[PDB]
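> Sharing a structure with you now.
Number of protein chains: 2
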Amino acid sequence: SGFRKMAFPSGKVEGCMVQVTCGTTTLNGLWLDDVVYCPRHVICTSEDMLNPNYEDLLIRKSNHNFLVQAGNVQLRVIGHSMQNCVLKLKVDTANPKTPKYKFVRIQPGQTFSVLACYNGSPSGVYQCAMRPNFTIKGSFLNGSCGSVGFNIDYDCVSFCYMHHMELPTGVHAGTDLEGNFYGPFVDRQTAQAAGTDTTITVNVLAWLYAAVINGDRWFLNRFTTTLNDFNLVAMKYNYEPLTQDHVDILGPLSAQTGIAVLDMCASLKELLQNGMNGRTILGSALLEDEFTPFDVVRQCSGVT
Amino acid sequence: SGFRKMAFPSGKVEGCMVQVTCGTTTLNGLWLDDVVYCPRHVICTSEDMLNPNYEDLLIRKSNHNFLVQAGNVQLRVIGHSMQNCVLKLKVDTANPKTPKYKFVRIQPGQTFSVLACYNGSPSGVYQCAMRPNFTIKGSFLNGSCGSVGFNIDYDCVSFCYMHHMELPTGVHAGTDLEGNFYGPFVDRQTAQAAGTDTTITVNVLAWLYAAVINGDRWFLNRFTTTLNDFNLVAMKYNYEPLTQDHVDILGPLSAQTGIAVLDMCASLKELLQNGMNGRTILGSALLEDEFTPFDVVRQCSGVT
Ligand SMILES: *[C@@H](CC(=O)OCC)[C@H](C[C@@H]1CCNC1=O)NC(=O)[C@H](Cc1ccccc1)NC(=O)[C@H](N)Cc1ccc(F)cc1
Ligand SMILES: *[C@@H](CC(=O)OCC)[C@H](C[C@@H]1CCNC1=O)NC(=O)[C@H](Cc1ccccc1)NC(=O)[C@H](N)Cc1ccc(F)cc1
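Residue numbers (the entry's author numbering), protein chains in the order written: chain A, 1 to 304; chain B, 1 to 304.
Now the structure itself:
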């Protein structure tokens, strides 16, 4: 029993992290086979911030202008190209520690693990959700760009995020590993705003199931509701509408606990309208929305 | 910016995890050089658990009663012995992935990362604190015994915890890697109770500094206090006394924010006496006590 913010083991990703330096600028890269992927803003200076001419900046760069180090050991760059907002540096040594991997794009509300790195050295691992406004509430400092987010599906590492920037509101934005931003963001220093965020309803319901599995049941009465009645309340509290698909994905948790999905919706409706009245659920005094149904299963079942 | 529950990168520990089977009973082991360490209750059956006579059980077994697997490769056992509550199985091959390591015994209030494993396969990593009552609030299912906790100091893995059992209250108990339990617990299935738990004051103060660094400042007041005055309030609310060494460990956070520790104590005193009033600190409606001053520095400064 117990429930924690649990990340995937990070070893397979740690072995792929490198440092990329161009001029005075250093950030992280992801070394897979004979290519290093990193944010293309490594080729910028301060003069280029508002309107970087990335093609111009890259044409002026040779392979020798890129300094790639793995564990502070230099790899030699033998080619360079741009894909969207990512630079792809071909190196003359393939990474013998490359895991089976895929590049995936995650959907809003889904979670991933982030390996926070500085100067090619991993600092820590934590769990993040892609918010409905396509930002993440990460933990990143200067030097962290090129850190990646990932999930492990079976034995495949599914890379889904590469870190690029922090908005003034303290949230984070980045790309998939093909260099396309999540959300309405660009890698130039225009003033950019995220949309109003909302609460990920299906994930709150999943977390309430995790509480029931762990014995924290005080919020469970034998109440039930309809999907439409629940959504009329959810919207008053800035919760995402619940669809029948979301109901379907909660099936395994409903199956384990014996609590129908719309009964849990009724419990959540009561928690929203009346509050938690000083009580905690799974150690939190707020309703938590960064655990997916799969996250709860995997933690409450022991998948490896 | 940002602040998450962040674990250490787990790759150096992943390479040490093995599966140990004795008859029908399987759990995890830690493979370092040519020794595998695991909980000694692997040698037990149902009737042993009231009062396992572990010396008898161990001496009557042969090396061939132990099946150790690193992935799918079998490691032949060439000796078996017991140190306190840990079994040491000498194997015929040294682990080629053995990191620099130490076995350390951590003090109450300190944090560590847990690599939760099943059948020798890592499943996830999360951060834990040793509670003042010498239990941990972990996330463990059947098959997780032998999972370890650790910190990474420089490039040395400091192993501090190996998982053995769950108390009826839902909290967890285990040993250091010398096989000595934290707290008064024993590896017998008997009614065992943890003493009252208290809140780790120095950690709450570190988390309030993390909040200020991240721009949450509403709870700051203009007052100061003394260690003696504050400690009268701490004991009213079941907080651990604050020591001068705790004040000094907070100095790096005081230096970064310009808020004296005793000023922060005065702010915490008001939070304990009035609560939060439907406001939040770092996205929580409770005072969080599982981040040490170092965890905040390491995260808010980018230690790798
Ligand atoms: C990574 C840059 C790096 O490591 O390379 C050289 C050391 C860094 C990460 C953030 C710093 C602090 N916390 C972070 O998450 N990113 C930047 O500094 C980023 C560079 C950039 C990226 C894309 C367009 C323009 C500049 N700059 C910023 O994050 C600041 N906040 C400026 C900014 C940029 C874009 C916005 F929409 C708002 C604000
Ligand atoms: C690990 C055991 C394992 O993997 O062996 C393979 C068959 C497991 C971990 C707990 C399972 C569910 N969540 C956990 O954390 N440990 C046990 O099952 C443990 C075995 C044991 C260990 C030491 C003395 C006696 C039995 N048994 C228990 O944890 C239950 N809760 C019984 C118990 C034991 C000791 C106490 F103080 C209170 C309750």
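We treat Cβ as the ideally placed atom computed from N, Cα and C, and that holds for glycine.
#1: Quick check on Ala255 of chain A - is its C-beta less than 8 Å from some C-beta in chain B?
#2: Does the Cβ of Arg222 of chain A lie closer than 7 Å to at least one heavy atom of ligand 1?
#3: What residue range is occupied by the uninterrupted alpha helix (DSSP H) comprising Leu227 of chain A?
#4: Since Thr304 of chain B meets chain A, which of its residues come closer than 8 Å, beta carbon to beta carbon?
#5: If we require 4 or more residues per run, which alpha helix (DSSP H) segments fall completely within the stretch 178-226 of chain A?
#6: In the DSSP assignment, what are the bridge partners of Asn28 of chain A?
#7: Does the beta carbon of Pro39 of chain A come closer than 8 Å to any beta carbon on chain B?
#8: So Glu178 of chain A contacts chain B; which residues on that side make the cut at Cβ distance below 7 Å?
#9: Do you know offhand how far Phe223 of chain A's Cα is from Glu178 of chain A's?
#10: Return yes when the C-beta of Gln19 of chain B is under 7 Å from any heavy atom of ligand 3, and no when it is not.
#11: Cα separation between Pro168 of chain B and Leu220 of chain A?
#12: Under 8 Å between C-beta atoms, does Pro252 of chain A make it to chain B?
#13: So residue 323 of chain A contacts chain B; which residues on that side make the cut at Cβ distance below 8 Å?
#14: State buried or exposed for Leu30 of chain A, treating a residue as buried only when at least 16 other CB atoms are found within 10 Å of its CB.
#15: Among A:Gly146, A:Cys145, A:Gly71 and A:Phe150, which one has its Cα closest to the Cα of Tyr101 of chain A?
#16: Going by Cα to Cα distance, which pick from B:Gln127, B:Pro252 and B:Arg105 is closest to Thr111 of chain B?
#17: So with CB distances below 8 Å, who are the chain A contacts of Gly138 of chain B?
#18: Nearest by alpha-carbon distance to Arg298 of chain B: which of A:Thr175, A:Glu270, A:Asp216 and A:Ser123 is it?
#19: Since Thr98 of chain B is in the beta strand (DSSP E), which residue starts that stretch and which ends it?
#20: Who pairs with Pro39 of chain A in a beta bridge, going by DSSP?
#21: Based on the DSSP secondary-structure assignment, which residues constitute the bridge partners of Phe112 of chain A?
#22: Going along the chain, which residues of its own chain have a beta-carbon closer than 6 Å to the beta-carbon of residue 306 of chain B, five neighbours each way excluded?
#23: Would DSSP call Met162 of chain B helix, strand or coil?
#24: Whether or not the stretch 4-16 of chain B and the stretch 105-121 of chain B are in contact is what I'm after, with contact meaning three or more pairs of Cβ atoms, one per stretch, closer than 8 Å; do they touch?
#25: Evaluate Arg279 of chain B with the Cβ neighbour count: other Cβ atoms within 10 Å of its Cβ, from every protein chain shown; 16 or more gives buried, anything less gives exposed.
#26: Going by beta carbon distance, what residues of the same chain come within less than 6 Å of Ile281 of chain A, once the five residues before and after it are set aside?
#27: What did DSSP end up calling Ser121 of chain B once you bin it into helix, strand or coil?
#28: Going by other Cβ atoms of all chains shown within 10 Å of its Cβ, with 16 needed for buried, is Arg4 of chain B buried or exposed?
#29: May I ask whether a heavy atom of ligand 1 can be found less than 7 Å away from the beta carbon of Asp176 of chain A?
Per the coordinate set shown:
#1: By this cut-off, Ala255 of chain A is not an interface position.
#2: no
#3: In this chain, the alpha helix (DSSP H) harbouring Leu227 of chain A covers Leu227 to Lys236.
#4: Using a Cβ-Cβ cut-off of 8 Å, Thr304 of chain B is close to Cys117, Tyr118, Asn119, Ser121, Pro122 and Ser123 of chain A, given in chain order.
#5: 201-213
#6: A:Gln19
#7: no
#8: Ordered by position in chain B, no residue passes the 7 Å Cβ test against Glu178 of chain A, which lies about 25 Å from the chain.
#9: 47 Å
#10: Among the ligands modelled here, namely ligand 1 and ligand 2, ligand 3 does not occur.
#11: 21 Å
#12: No, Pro252 of chain A lies away from the interface with chain B (no Cβ there is under 8 Å from its Cβ).
#13: The structure shown does not extend to residue 323 of chain A, since chain A is modelled only from 1 to 304, so the question has no answer here.
#14: buried
#15: A:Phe150
#16: B:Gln127
#17: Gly2 and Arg4
#18: A:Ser123
#19: Where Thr98 of chain B is concerned, there is no enclosing beta strand (DSSP E), given that its DSSP letter is neither H nor E.
#20: A:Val86
#21: A:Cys128
#22: A query on residue 306 of chain B cannot be resolved here, the shown segment of chain B reaching from 1 to 304 and no further.
#23: strand
#24: yes
#25: exposed
#26: If we look at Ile281 of chain A and ignore the five residues flanking it on each side, its Cβ neighbours are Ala211 and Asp216.
#27: strand
#28: buried
#29: no
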